[PDB]
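For reference, the chain that follows is the form deposited in one PDB entry, supplied as structure tokens.
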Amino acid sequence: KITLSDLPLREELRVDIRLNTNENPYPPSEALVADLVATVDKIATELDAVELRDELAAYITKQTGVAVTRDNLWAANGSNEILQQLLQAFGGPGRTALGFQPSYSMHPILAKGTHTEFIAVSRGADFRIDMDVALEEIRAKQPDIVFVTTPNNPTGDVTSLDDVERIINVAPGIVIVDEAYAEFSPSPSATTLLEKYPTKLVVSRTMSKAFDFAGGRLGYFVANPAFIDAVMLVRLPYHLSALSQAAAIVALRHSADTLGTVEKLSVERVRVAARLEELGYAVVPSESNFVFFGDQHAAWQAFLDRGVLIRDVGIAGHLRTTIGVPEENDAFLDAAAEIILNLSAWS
């Protein structure tokens, strides 16, 4: 009986209240569900994602205030797939992508699958991008792709558009601004910078943190139309099924009810962060649906013992709690107050 070692693999490849995944805990609207079931019924009975892209452009126009059309919009099965496609067109063998740590956007499987070398530059002690290092490294390394995540995961930190523009101007290739968590932030979108940096800027977005549509998922990006032409050369034909498209379309036409719940999540974040600081925790200012706090795996166990699952992102001294409904949020705040000591590391 055979193991992986026997196959010709490429050699380089050798409980109750859960606030640990960064998703919208609120139930979907009756009108959403109703539209969903009626749309599947119609599609189930049988009579490049143009319609979905119209809808995504509409959603972004109203969300960001930047007027875009389907020509600026590109959809895939998820954010990882959006990024894969961009790395295939603009990264890959002999090319590099540079990002700022800690970040969840540059998943290692993307490098391996696309053969793009990933370069990491540490954020500063405040978990914010250190602009002097950032611009020096980009100028040193001439990376083909620069990633900026804002708001950042796991830290929640936003980077100003002025700083983003700085990064774009020194960046020789493309820049992917990852706004997965942008819905929860009051700050303006980098979509406002597209007109000025058409050959460079791609704004990456997702429906999977704010929306909830029968377990649908959708990653998308906003860019100059030429970027759509580019990823069309690498995208898998019929990558996006009619079903996936339809269901994303339904979610997007009920986005008004979705944006009400993200408003509620955003207000609750401000609260949870403040209270953590009262309790004496050091909390990175956030504009996401989560908080990054501490000064840890032991602490993570403590919370779990009290029936509260948050996330250990493997970053020393800190843990990430995603904002939930208020009862969940208080239940978290209870555990955290009492969770505040040393203990040594063995081999």
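The term rigid core refers to the maximal set of C-alpha atoms that superpose within 1.5 Å between the two forms. Each residue number is its position in the shown sequence, starting from 1.
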query	finding
Unmodelled stretch of the deposited sequence separating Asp295 from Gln296, binned as none, 1 to 3, 4 to 9 or 10 or more	1 to 3
Stretch exceeding the other in mean C-alpha B-factor - 79-87, 242-250	242-250
Mean temperature factor over C-alpha atoms, higher-scoring stretch between 134-142 and 262-270	262-270
Identity of residue with top Cα B-factor, from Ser288, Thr64, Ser29, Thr69	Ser29
Chain-wide C-alpha B factor ranking for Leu56, given as lowest, middle or highest third	lowest
CA B-factor placement of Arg275, once the chain's modelled residues are sorted into thirds	highest
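There is also a form deposited in another entry; it is not shown, and the following applies to it.
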{"item": "Shifted position (C-alpha, 2 Å or more, core held fixed) between this form and the one not shown, chosen from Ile228, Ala214, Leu252, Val133", "value": "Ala214"}
{"item": "Threshold 2 Å Cα movement between this form and the one not shown for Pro198, core superposed", "value": "no"}
{"item": "Large Cα move at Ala111 between this form and the one not shown, threshold 2 Å, rigid core", "value": "yes"}
{"item": "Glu195 and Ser105, C-alpha gap in the other form relative to this structure (3 Å or more)", "value": "farther"}
{"item": "Sense of CA distance change between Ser105 and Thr150 in the other form, threshold 3 Å", "value": "farther"}
